[PDB]
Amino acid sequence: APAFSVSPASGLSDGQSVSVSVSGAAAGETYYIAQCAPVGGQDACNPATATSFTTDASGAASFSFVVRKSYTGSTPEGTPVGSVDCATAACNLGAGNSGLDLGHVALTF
């Protein structure tokens, strides 16, 4: 029901900044966002860009995000699992919180 966009999402370069837009989410709440690749059942996300944002009264938010073609990645609890290469691993930018998962948008470099 909420909307979640990430653009551009293809033809990407390491360190490129993309735009993130959320709408129709829970009003006035905190959500989390990160670039991750699925490995072994858990998501290995970039800990240097993993972050949070708040929504306005309409459940919307927008901000910029830096994507990495490859990076040293960690699981949700902070455990390092080594490095991920998005030229081969299926990386996506995903957002959400305990009450609602806003979705996944696949990234291509």
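Start at 1 and count along the sequence shown; that's the residue number.
Of 52-60 and 29-37, the stretch whose C-alpha atoms average the higher B-factor in the entry: Between 29-37 and 52-60, it is 52-60 that shows the higher mean C-alpha B-factor.
Among the modelled residues of its chain, does the C-alpha B-factor of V18 lie in the lowest, middle or highest third? Ranked within chain, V18 CA B lands in the lowest tercile.
Name the third of the chain's ranked CA B-factors that contains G82, choosing lowest, middle or highest. As the PDB entry reports it, the C-alpha B-factor of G82 lands in the lowest third of its chain.
Lowest, middle or highest third of the chain for the C-alpha temperature factor of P76? Highest third of the chain for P76's C-alpha B-factor.
Sorting the chain's modelled residues by C-alpha B-factor, tell me whether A9 ends up in the lowest, middle or highest third. Ranked within chain, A9 CA B lands in the lowest tercile.
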